[PDB]
Amino acid sequence: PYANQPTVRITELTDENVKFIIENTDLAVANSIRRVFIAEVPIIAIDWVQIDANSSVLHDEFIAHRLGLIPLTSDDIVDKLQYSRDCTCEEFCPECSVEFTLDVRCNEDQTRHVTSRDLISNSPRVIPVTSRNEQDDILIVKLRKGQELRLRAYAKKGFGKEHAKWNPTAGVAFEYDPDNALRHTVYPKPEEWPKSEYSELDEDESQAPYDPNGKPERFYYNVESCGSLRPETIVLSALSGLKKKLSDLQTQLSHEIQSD
Amino acid sequence: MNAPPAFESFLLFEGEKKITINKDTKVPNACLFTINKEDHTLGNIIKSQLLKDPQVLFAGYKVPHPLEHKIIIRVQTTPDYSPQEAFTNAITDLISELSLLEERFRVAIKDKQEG
Amino acid sequence: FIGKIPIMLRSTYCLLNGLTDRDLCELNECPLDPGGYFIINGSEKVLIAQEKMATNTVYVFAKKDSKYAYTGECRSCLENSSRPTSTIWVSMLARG
Amino acid sequence: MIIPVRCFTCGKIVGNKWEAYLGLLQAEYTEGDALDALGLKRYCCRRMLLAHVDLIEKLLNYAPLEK
Amino acid sequence: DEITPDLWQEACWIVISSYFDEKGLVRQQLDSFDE
Amino acid sequence: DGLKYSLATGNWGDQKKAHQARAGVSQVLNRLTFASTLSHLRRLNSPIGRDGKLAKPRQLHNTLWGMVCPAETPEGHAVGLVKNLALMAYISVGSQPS
Amino acid sequence: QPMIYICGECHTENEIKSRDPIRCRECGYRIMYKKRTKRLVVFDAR
Amino acid sequence: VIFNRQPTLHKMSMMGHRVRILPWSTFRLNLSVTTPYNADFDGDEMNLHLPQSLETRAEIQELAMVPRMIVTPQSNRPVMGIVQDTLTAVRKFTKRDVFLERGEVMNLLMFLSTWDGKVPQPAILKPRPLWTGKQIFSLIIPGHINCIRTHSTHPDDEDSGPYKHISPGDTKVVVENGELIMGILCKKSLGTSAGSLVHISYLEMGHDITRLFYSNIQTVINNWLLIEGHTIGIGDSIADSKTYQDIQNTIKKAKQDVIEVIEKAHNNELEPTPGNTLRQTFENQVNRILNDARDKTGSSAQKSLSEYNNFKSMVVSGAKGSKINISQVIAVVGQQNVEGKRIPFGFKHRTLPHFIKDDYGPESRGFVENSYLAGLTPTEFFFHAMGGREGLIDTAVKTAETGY
Amino acid sequence: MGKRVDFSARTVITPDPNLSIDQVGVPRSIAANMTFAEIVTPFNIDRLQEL
Amino acid sequence: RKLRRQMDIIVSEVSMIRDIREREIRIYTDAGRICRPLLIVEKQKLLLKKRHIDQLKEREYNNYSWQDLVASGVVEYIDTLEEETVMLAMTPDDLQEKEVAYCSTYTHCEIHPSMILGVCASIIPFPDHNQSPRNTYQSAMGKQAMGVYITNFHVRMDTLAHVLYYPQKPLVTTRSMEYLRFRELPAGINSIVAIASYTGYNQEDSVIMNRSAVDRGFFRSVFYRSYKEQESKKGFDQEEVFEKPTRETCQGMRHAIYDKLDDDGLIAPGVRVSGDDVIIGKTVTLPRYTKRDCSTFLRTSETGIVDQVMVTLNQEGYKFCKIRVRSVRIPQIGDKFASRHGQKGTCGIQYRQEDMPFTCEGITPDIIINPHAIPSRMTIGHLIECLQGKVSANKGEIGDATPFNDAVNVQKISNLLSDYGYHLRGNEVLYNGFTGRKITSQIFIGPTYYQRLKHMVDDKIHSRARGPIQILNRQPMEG
RNA sequence: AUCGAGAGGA
Ligand SMILES: [Mg+2]
Ligand SMILES: [Zn+2]
Ligand SMILES: [Zn+2]
Ligand SMILES: [Zn+2]
């Protein structure tokens, strides 16, 4: 009648991904945590671009969309920032945004590559991920002699549900019951299916025997970060956000029940 | 041209209620919970947690239309229980599980980082 | 002077004939553009090849839905002439 | 025309990979080896680089309107 | 001297490539107008 | 003006005898994509008349092998009457028999 | 009042008055392009 | 509103609908209503008319609404049935060994609009209570209607032997008192044919109950399909090596038989059948041999199919495809015809310059001995193109003739 | 015998499994561009005044 | 024949036909004869030898071209009438000896049988695995696809133009697409396509699209429209002038605001415009006095941004302006898409990444198409393309889908795919996005080249309530 | 705006 008691093991933890296993929880909770990884972990991304000059071969919306897709380090600032919609300020302010500027002109006969290195931030802690101390810089546009790009941009807090640019993940691997003991899939020819990396079976055995009393446990994750957040930070933020959603629903339901 | 704004899927429109409670008159001790601006995430977790409750006879949820942002949760309990109590207890259980998971993930991350 | 002749692009008498890709790009022309069309009042026009029966050849067709049992045909045409092609038919009457 | 910033399928950043990929190819890497070196494991990200056509160079071949 | 199958595929597509390097794809239009 | 009119309107003939003249020659070049342009520049037309309902002229004759594409043809009222050259097909320009 | 146009050939900016025929003062080219507006252009980076 | 797709061929090309407002820019239609309109979603456009007075609104409401149009007077049978996804999924759903857990049943009941709120007793109580798909579908069926049908794969000898009333293959659909007692549902039971379940629902209950029946079938079955899944891939186009060898042997034997017939005709040892000249008799024999070979290879391919094969699932449910499609994908494509005859000698005594003169063998005259998976040879490709051109032309001309 | 008519609309059709067979989904712009003349009565005067 | 092969007196274009049964020899030098090149076959051997291939490989340096092949009498042009007398080998394999010889008297050989196809049909991969009508349908849909139609599109003021943001070259190609320049100007994107039933919104030739992919630029395109206008001084009485009209002097001024115009009467590049906005201000003097408004307005329901404005003089010296307006088009429900195999459909719904089904890796499909197309359509080329595209994406090469290639069959591709850790038939275990549960059936999924067609719903949606009527009859206007 | 033509869509 009561809550589960999940346990966690971390098997791999690098700068770009975290691999871990959750045990003693329900499939619905695991899938909801995955979905929150993808869509409900807040991130800082460019969502407001003013173009002062653009002589490049790409039109303004092209450049703005590419800028919006540039990942920015949000590890600690994002929790502090308010949603611009919730801020009481004018257009933008330091409590709900980060200002960026770009001003590049090509005055030479060799092609000028405008990269995220040319995005100058007002906040030292919110910068393009590739501009952090190998990996090259993200190309924005290429300029030839006489062409120029000058713009002002603001980065705001958001999550992947609104737009994919606020999605912090670069692939969420999710898996349970590596050997098909629950028979949630049915292989017409089991022997010709490659083994899962989490499989614990001999090479002569294609799948585990059917388990009539089994339930999905031991969910396997590999969360890969796009660079805006650390993978462990992605996981912790997802847990906190799901908890916050449940708490808000609880408060609203309490008000509704008391109202009658 | 007819595209809805992206924020419409999670922002409540002025005057819209987050959650509404109605009685299911077909059978006793049954309630329908309509939640606005929520999707399969919350609906699925809440439904599964409710199914874990032995005093819950029926628990289910659905999204009436994918282009709308409403979920309906139907709960039936035994006469000694209430669907409202079951819903509240399910949310409390989910919050407790998530808090424990967060604590244990923090501990595991620290362990992995030290060695 | 007797008139003006529209010129097919990239032909022998177009200004783009035998130009390098660099020269074409200097003229704001796409090097991959194949040509083979005209520009009439700024509009790009392409001539569609038209099928016709070959000339100066004898063809024998049978038409039993007609008074002739068999019909020889020859669309005779000298090399060039403002006179159109001259068609001569030779037929044998249908029995009865 | 220009390398997309992200992989359409998973969102992995690929916009900082095109020049490196070109460099590896002229170093006599096979395309599969170059993609492995750049860390593109999923075949969606691999498609991103494999199928890209850098049309922006051809556009840069034209003189700009303003000097 | 003689082309063998394993060489034949490459040889035939080399011949086709040379053809298209010479003629292009709108040769009939240009040739007719030039005539 | 005669050449300009014939190329501009596609009516192959004098402007006064426009009803008598065959239309559809000299169409506007299609530029939706590069393949569209290439196909338009290699287009062939049978002047039979789309109104006719005899299947014989619209059928794929054996002699089209290697000369006319067996697949590319509009699927509407002109099916089988508008054709496209095969990749290696060429059309002779003529020469003196002397 | 100025109505600056950019010459298509020499890329020179030259004033053009209404009712004045289009012609570049430098090279005599007859094709000119209008300069980008000074109005505020703002895009969402979506 | 009045909804219409051109050409307007019969009454059910213009039907009344109730308006629902949705975000994006398209008209949205229920899948079952596509058949009356002959509509699909590959770029089709449809027209909407808004009646402007209470009288015209009442006329459309009382005469032309979709539920009233379910049965057509053209053939005293329904014009709307259950279609592709729902049909295939319901065929899979009503199989004997389909078992559902408590939560899955609860979800499916979530999607049942006419449900009275009572969870039926599971068919299996111990161990682990389990519901069958037939129980849920019985909950879907309206009223207490009685209907008997046969599944498409029902063997012909079953009704005469034992097990007539206890079907080993779970064919023999029986609905009694509104309950699906037995049988696998398919096009024959949920389609537009006379005497189907939907027809009996319309005749026994009103148009409103039948409308709810259509909608509930679709919603419940689609939500279950989210669990079951359905696909088609390369694996469904393959056959075992034994099947391939049998097909190759059949083709080789047919080719040798045609060679024997040709040799007989060349030595004047062939006699014309009554009412036919020698050439017609020879063509008849050759076409008989090739048709028999095609039928035999198709039967072999049919036999090779497993119960998991998705082509076969689609065909058996009646959702899409035929056994001929399977034969052509897995086994020979077959003979190509122009104007009801083998490929003509377009060249002089020759179908293509790659053959010798007076070659009447299967390859020369357009017998495609390859399957679509194997791929056609160039000559087979050209002959197949000729065949397809025939059908395109036929469409393009019949349209105007029939319109007049 | 045939005419062009007012109060009509046309657009592409797409599937919707979540509509009843007697329903049609209509885009907002189409619905906002077409009108039905409703007669004012004491029953509906408030609703129509709001409209 | 010797003379023609040596090119002494008879040019290559000349046709010489001998009718042996008859006693006629027909020679044609006329224009308009369709012909094709063929390899000449001697006793049972090609005249094309290894040395010719070696010389052609270095054609850049040794200036050895196709003309030299024709000059050496190794290739010949054959028209239809002469083809009637030719004994043609499909491949050099036909010239080999057999236990029972078929012909043994071949005169010519095909260079490659795939040359029977035209430009549009040459981009279909594995066309010999499809029903022919589907190849015919693709032959048109390819002409309707979006790409980069020409490299200098920035300088052309075409009436209509569509440009795709991120064209890709297909992972699976035919060898003849090299000469169509499809690599340089491709029209389409390689998409991760799953053939599955998922929520029912891809039924009856509809497709489900990934909204997160669309957010990232998947199949985003830009639409250009050009407006042209000129001011005419035809007569001393009436003259048209480009200017910003004022309501005091001009009469027929619509209620649209003319403040978007400059003092020259023209809008400036970078200005947002909507339906019924004036973009060219023009007045005509009368024979609100002395001027009648004749301004040009943006077409109703266009809503673009002014791209560039060009001003010139036309042939008669009158001032002439062209205005290009650009409109970014994000793929949405109702837009038309098609693979290269005649499989076309409109987008039925779009799901975000978390709602889409996923593999054990993070991979979700970009597009989900319905399995109920293949059975009746019999477009097996589509499935084989998906399999080979998965193989090629994993391996790092471009798959070869040239039609009549014996070196490529489904079993070899399947064996290659198994080597990379995938089910050999291209199937995969997918998890339901909504619940995370495994899907009982395994799903066919892989990269497939898809095209965005010019037919978009926002250019078709239309409704009317008592608008303008015709003059002669008072019935509603057309269009 | 009218007329014609052409190209397309279902
Ligand atoms: Mg259709
Ligand atoms: Zn603020
Ligand atoms: Zn990826
Ligand atoms: Zn100048």
# chains A, B, ... in the order shown; residues from 1 in each chain; ligands from 1
>>> residues_around(residues="residue E:11", least_positions_apart="5", cutoff="12 Å", atoms="only C-alpha atoms (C1' of nucleotides)", output="PyMOL selection string")
(chain E and resi 2-6+16-18) or (chain J and resi 48-57+92+111-112)
>>> write_last_selection(atoms="C-alpha atoms", output="mmCIF file, in the first residue's frame")
data_model
loop_
_atom_site.group_PDB
_atom_site.id
_atom_site.type_symbol
_atom_site.label_atom_id
_atom_site.label_comp_id
_atom_site.auth_asym_id
_atom_site.auth_seq_id
_atom_site.Cartn_x
_atom_site.Cartn_y
_atom_site.Cartn_z
ATOM 1 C CA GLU E 2 40.515 -8.613 -72.118
ATOM 2 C CA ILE E 3 38.418 -7.069 -69.350
ATOM 3 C CA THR E 4 37.308 -9.522 -66.661
ATOM 4 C CA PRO E 5 34.018 -9.272 -64.712
ATOM 5 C CA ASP E 6 35.527 -8.029 -61.445
ATOM 6 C CA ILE E 16 29.816 5.863 -68.799
ATOM 7 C CA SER E 17 31.585 8.534 -66.737
ATOM 8 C CA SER E 18 33.705 9.514 -69.739
ATOM 9 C CA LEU J 48 36.804 -2.653 -75.662
ATOM 10 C CA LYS J 49 40.022 -3.880 -74.038
ATOM 11 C CA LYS J 50 41.934 -3.229 -70.830
ATOM 12 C CA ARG J 51 44.090 -0.610 -72.563
ATOM 13 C CA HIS J 52 41.050 1.559 -73.322
ATOM 14 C CA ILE J 53 40.055 1.500 -69.644
ATOM 15 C CA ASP J 54 43.627 2.339 -68.637
ATOM 16 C CA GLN J 55 43.659 5.292 -71.036
ATOM 17 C CA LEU J 56 40.265 6.512 -69.809
ATOM 18 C CA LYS J 57 41.338 6.371 -66.157
ATOM 19 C CA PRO J 92 29.631 -9.484 -71.412
ATOM 20 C CA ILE J 111 27.336 -0.550 -71.659
ATOM 21 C CA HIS J 112 25.062 -0.976 -68.637
#
>>> residues_near_ligand(ligand="ligand 2", cutoff="10 Å", atoms="only C-alpha atoms (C1' of nucleotides) and all ligand atoms", output="PyMOL selection string")
chain A and resi 81-98+156
>>> write_last_selection(atoms="C-alpha atoms", output="mmCIF file, in the first residue's frame")
data_model
loop_
_atom_site.group_PDB
_atom_site.id
_atom_site.type_symbol
_atom_site.label_atom_id
_atom_site.label_comp_id
_atom_site.auth_asym_id
_atom_site.auth_seq_id
_atom_site.Cartn_x
_atom_site.Cartn_y
_atom_site.Cartn_z
ATOM 1 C CA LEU A 81 17.264 32.133 -12.692
ATOM 2 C CA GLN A 82 13.540 32.793 -12.876
ATOM 3 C CA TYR A 83 11.429 32.058 -15.916
ATOM 4 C CA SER A 84 11.267 35.216 -18.015
ATOM 5 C CA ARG A 85 7.478 34.862 -18.051
ATOM 6 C CA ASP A 86 7.508 34.940 -14.235
ATOM 7 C CA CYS A 87 9.939 37.852 -13.860
ATOM 8 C CA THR A 88 8.511 41.260 -12.962
ATOM 9 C CA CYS A 89 11.093 43.161 -15.021
ATOM 10 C CA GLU A 90 11.007 44.797 -18.446
ATOM 11 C CA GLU A 91 12.141 42.919 -21.571
ATOM 12 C CA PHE A 92 15.034 41.238 -19.743
ATOM 13 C CA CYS A 93 17.179 41.523 -16.629
ATOM 14 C CA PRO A 94 19.988 39.578 -14.920
ATOM 15 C CA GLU A 95 17.457 37.675 -12.786
ATOM 16 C CA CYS A 96 15.811 36.002 -15.800
ATOM 17 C CA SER A 97 18.261 36.121 -18.726
ATOM 18 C CA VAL A 98 21.857 36.204 -19.946
ATOM 19 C CA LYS A 156 16.424 32.232 -21.059
#
>>> select_by_dssp(residues="chain G", states="strand (DSSP E or B)", output="PyMOL selection string")
chain G and resi 4-7+13-15+32-34+42-43
>>> write_last_selection(atoms="C-alpha atoms", output="JSON list (two decimals), in the first residue's frame")
[["chain", "number", "residue", "atom", "x", "y", "z"],
["G", 4, "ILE", "CA", 20.52, 55.04, -50.66],
["G", 5, "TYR", "CA", 20.71, 52.24, -53.23],
["G", 6, "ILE", "CA", 23.50, 49.70, -53.73],
["G", 7, "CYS", "CA", 24.81, 49.19, -57.26],
["G", 13, "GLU", "CA", 26.10, 53.29, -52.43],
["G", 14, "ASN", "CA", 24.63, 56.26, -54.29],
["G", 15, "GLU", "CA", 21.71, 58.57, -53.58],
["G", 32, "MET", "CA", 20.30, 48.64, -57.81],
["G", 33, "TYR", "CA", 19.20, 47.13, -54.50],
["G", 34, "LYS", "CA", 17.62, 48.72, -51.43],
["G", 42, "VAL", "CA", 13.65, 40.42, -33.41],
["G", 43, "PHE", "CA", 13.48, 36.65, -33.80]]
>>> closest_residue(among="H:174, H:181, H:9, H:217", to="residue I:18", atoms="only C-alpha atoms")
H:217
>>> interface_residues(of="chain C", to="chain E", cutoff="12 Å", atoms="only C-alpha atoms", output="list in words")
residues 5, 6, 7, 8, 9, 10, 11, 12, 13, 14, 17, 32, 33, 34, 35, 36, 37, 38, 46, 47, 48 and 49 of chain C
>>> write_last_selection(atoms="C-alpha atoms", output="compact mmCIF listing (two decimals), in the first residue's frame")
# COMPACT_ATOMS: atom_id res chain seq x y z
CA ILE C 5 17.25 35.95 -82.80
CA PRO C 6 16.76 34.74 -79.20
CA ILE C 7 19.84 32.79 -78.12
CA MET C 8 19.76 29.52 -76.20
CA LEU C 9 21.90 29.72 -73.07
CA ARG C 10 25.28 27.94 -73.02
CA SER C 11 25.09 27.44 -76.79
CA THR C 12 27.91 28.41 -79.13
CA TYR C 13 26.63 32.00 -79.45
CA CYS C 14 25.84 32.67 -75.79
CA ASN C 17 30.02 29.63 -73.94
CA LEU C 32 25.79 23.52 -62.60
CA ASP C 33 23.08 25.27 -64.64
CA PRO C 34 22.90 23.17 -67.84
CA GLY C 35 21.51 25.82 -70.17
CA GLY C 36 19.49 24.73 -73.17
CA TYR C 37 16.73 27.32 -72.71
CA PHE C 38 15.86 30.86 -73.76
CA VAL C 46 12.36 25.49 -72.85
CA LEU C 47 11.36 23.98 -76.19
CA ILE C 48 9.73 20.55 -75.94
CA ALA C 49 10.73 18.01 -78.58
>>> select_by_dssp(residues="stretch 52-161 of chain A", states="alpha helix (DSSP H)", output="list in words")
residues 60, 61, 62, 63, 64, 65, 66, 67, 68, 77, 78, 79 and 80 of chain A
>>> residues_around(residues="residue H:216", least_positions_apart="5", cutoff="7 Å", atoms="only C-alpha atoms (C1' of nucleotides)", output="mmCIF file with C-alpha atoms, in the first residue's frame")
data_model
loop_
_atom_site.group_PDB
_atom_site.id
_atom_site.type_symbol
_atom_site.label_atom_id
_atom_site.label_comp_id
_atom_site.auth_asym_id
_atom_site.auth_seq_id
_atom_site.Cartn_x
_atom_site.Cartn_y
_atom_site.Cartn_z
ATOM 1 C CA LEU H 112 -14.518 2.221 -23.362
ATOM 2 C CA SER H 113 -17.147 4.962 -23.525
ATOM 3 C CA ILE H 140 -17.445 -3.548 -26.382
#
>>> residues_near_ligand(ligand="ligand 3", cutoff="6 Å", atoms="only C-alpha atoms (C1' of nucleotides) and all ligand atoms", output="PyMOL selection string")
chain D and resi 7+9-10+12+42+44-45
>>> closest_residue(among="J:305, J:192, J:150, J:25", to="chain C", atoms="only C-alpha atoms")
J:150
>>> closest_residue(among="B:57, B:75, B:6, B:11", to="chain J", atoms="only C-alpha atoms")
B:6
>>> residues_near_ligand(ligand="ligand 4", cutoff="6 Å", atoms="only C-alpha atoms (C1' of nucleotides) and all ligand atoms", output="list in words")
residues 7, 9, 10, 11, 12, 24, 26, 27, 28 and 29 of chain G
>>> write_last_selection(atoms="N, CA, C and O atoms", output="PDB file, in the first residue's frame")
ATOM      1  N   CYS G   7      24.629  49.618 -55.876  1.00  0.00           N
ATOM      2  CA  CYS G   7      24.813  49.190 -57.256  1.00  0.00           C
ATOM      3  C   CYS G   7      25.084  47.693 -57.315  1.00  0.00           C
ATOM      4  O   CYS G   7      25.820  47.145 -56.492  1.00  0.00           O
ATOM      5  N   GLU G   9      26.698  46.037 -59.654  1.00  0.00           N
ATOM      6  CA  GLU G   9      27.998  45.691 -60.221  1.00  0.00           C
ATOM      7  C   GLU G   9      29.154  46.166 -59.343  1.00  0.00           C
ATOM      8  O   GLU G   9      29.951  45.354 -58.866  1.00  0.00           O
ATOM      9  N   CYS G  10      29.252  47.474 -59.123  1.00  0.00           N
ATOM     10  CA  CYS G  10      30.365  48.045 -58.377  1.00  0.00           C
ATOM     11  C   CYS G  10      30.112  48.104 -56.876  1.00  0.00           C
ATOM     12  O   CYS G  10      31.031  48.449 -56.126  1.00  0.00           O
ATOM     13  N   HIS G  11      28.903  47.777 -56.424  1.00  0.00           N
ATOM     14  CA  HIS G  11      28.572  47.710 -55.003  1.00  0.00           C
ATOM     15  C   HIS G  11      28.695  49.065 -54.315  1.00  0.00           C
ATOM     16  O   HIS G  11      28.897  49.129 -53.100  1.00  0.00           O
ATOM     17  N   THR G  12      28.570  50.151 -55.071  1.00  0.00           N
ATOM     18  CA  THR G  12      28.699  51.494 -54.527  1.00  0.00           C
ATOM     19  C   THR G  12      27.339  52.009 -54.077  1.00  0.00           C
ATOM     20  O   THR G  12      26.330  51.795 -54.755  1.00  0.00           O
ATOM     21  N   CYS G  24      23.825  53.886 -61.822  1.00  0.00           N
ATOM     22  CA  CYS G  24      24.935  54.054 -60.896  1.00  0.00           C
ATOM     23  C   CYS G  24      25.838  55.182 -61.374  1.00  0.00           C
ATOM     24  O   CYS G  24      26.228  55.222 -62.545  1.00  0.00           O
ATOM     25  N   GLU G  26      28.872  55.656 -60.638  1.00  0.00           N
ATOM     26  CA  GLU G  26      30.239  55.203 -60.882  1.00  0.00           C
ATOM     27  C   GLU G  26      30.368  54.488 -62.222  1.00  0.00           C
ATOM     28  O   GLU G  26      31.096  54.941 -63.112  1.00  0.00           O
ATOM     29  N   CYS G  27      29.666  53.366 -62.384  1.00  0.00           N
ATOM     30  CA  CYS G  27      29.844  52.500 -63.541  1.00  0.00           C
ATOM     31  C   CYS G  27      28.662  52.520 -64.501  1.00  0.00           C
ATOM     32  O   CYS G  27      28.730  51.872 -65.551  1.00  0.00           O
ATOM     33  N   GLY G  28      27.590  53.238 -64.179  1.00  0.00           N
ATOM     34  CA  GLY G  28      26.451  53.301 -65.072  1.00  0.00           C
ATOM     35  C   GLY G  28      25.577  52.069 -65.094  1.00  0.00           C
ATOM     36  O   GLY G  28      24.772  51.921 -66.018  1.00  0.00           O
ATOM     37  N   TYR G  29      25.713  51.175 -64.119  1.00  0.00           N
ATOM     38  CA  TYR G  29      24.857  49.998 -64.055  1.00  0.00           C
ATOM     39  C   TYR G  29      23.421  50.412 -63.758  1.00  0.00           C
ATOM     40  O   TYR G  29      23.176  51.385 -63.041  1.00  0.00           O
TER      41      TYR G  29
END
>>> decode(residues="stretch 6-20 of chain E", atoms="N, CA and C atoms", output="compact mmCIF listing (two decimals), in the first residue's frame")
# COMPACT_ATOMS: atom_id res chain seq x y z
N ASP E 6 35.14 -8.83 -62.60
CA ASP E 6 35.53 -8.03 -61.44
C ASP E 6 36.09 -6.69 -61.88
N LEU E 7 36.82 -6.68 -63.00
CA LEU E 7 37.21 -5.41 -63.61
C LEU E 7 36.08 -4.83 -64.45
N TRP E 8 35.16 -5.67 -64.93
CA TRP E 8 34.15 -5.20 -65.86
C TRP E 8 33.27 -4.13 -65.25
N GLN E 9 32.84 -4.30 -64.00
CA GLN E 9 31.94 -3.30 -63.43
C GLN E 9 32.59 -1.92 -63.42
N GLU E 10 33.81 -1.84 -62.88
CA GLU E 10 34.54 -0.58 -62.86
C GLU E 10 34.75 -0.05 -64.27
N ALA E 11 35.09 -0.93 -65.22
CA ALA E 11 35.36 -0.48 -66.58
C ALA E 11 34.13 0.13 -67.22
N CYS E 12 32.98 -0.53 -67.08
CA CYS E 12 31.76 -0.03 -67.70
C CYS E 12 31.36 1.31 -67.10
N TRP E 13 31.49 1.46 -65.79
CA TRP E 13 31.13 2.76 -65.22
C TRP E 13 32.17 3.83 -65.53
N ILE E 14 33.43 3.46 -65.76
CA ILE E 14 34.40 4.43 -66.26
C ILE E 14 34.01 4.91 -67.65
N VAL E 15 33.58 3.99 -68.52
CA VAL E 15 33.15 4.37 -69.86
C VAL E 15 31.97 5.32 -69.78
N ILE E 16 30.99 5.00 -68.93
CA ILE E 16 29.82 5.86 -68.80
C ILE E 16 30.21 7.23 -68.26
N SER E 17 31.12 7.26 -67.28
CA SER E 17 31.58 8.53 -66.74
C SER E 17 32.25 9.38 -67.81
N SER E 18 33.08 8.76 -68.66
CA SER E 18 33.70 9.51 -69.74
C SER E 18 32.65 10.06 -70.70
N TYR E 19 31.66 9.24 -71.03
CA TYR E 19 30.57 9.71 -71.89
C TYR E 19 29.94 10.97 -71.32
N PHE E 20 29.58 10.94 -70.03
CA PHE E 20 28.88 12.08 -69.46
C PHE E 20 29.81 13.27 -69.25
